[PDB]
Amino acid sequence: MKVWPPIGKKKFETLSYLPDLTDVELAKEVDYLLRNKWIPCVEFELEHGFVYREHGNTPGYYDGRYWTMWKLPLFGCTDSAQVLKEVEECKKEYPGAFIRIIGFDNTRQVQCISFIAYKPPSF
């Protein structure tokens, strides 16, 4: 038996139990998002990488769920490279930020995909 570490294993929701994705693997996730007609959007965070409770504690209330939006959603986008270009541009201005890619279905109005694309060196 091997024991699952109780430290140093902080997670990032979907895909974060797999080894870190490669840039082609990140591009292929964007490809899947676009093939499903979802709207891609980049979000980034510099201070609270994980959910916390500071301002409330009632059922279903947490802090740290909202990140900051990077520009706007790429409506009518057709290139996963354009999404990765904004991740690189965000990486360059905020190298200490976590950065994630999300995807919206505007008919159901639900984010149908979400995965981290960059983690800062402080992590």
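Throughout, we count residues from 1 along the sequence that is shown.
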{"query": "Which of 73-81 and 91-99 has higher mean CA B factor, as the PDB entry lists it", "finding": "73-81"}
{"query": "Mean Cα B-factor comparison, 63-71 or 23-31, giving the higher one as deposited", "finding": "23-31"}
{"query": "Residue 45, C-alpha B-factor rank within chain (lowest, middle or highest third)", "finding": "middle"}
{"query": "Third assignment of residue 8 from its chain's C-alpha B-factors", "finding": "middle"}
{"query": "Chain third (lowest, middle, highest) by recorded CA B-factor, residue given as residue 14", "finding": "lowest"}
{"query": "Cα B factor band for residue 114 (lowest, middle or highest third within the chain)", "finding": "lowest"}
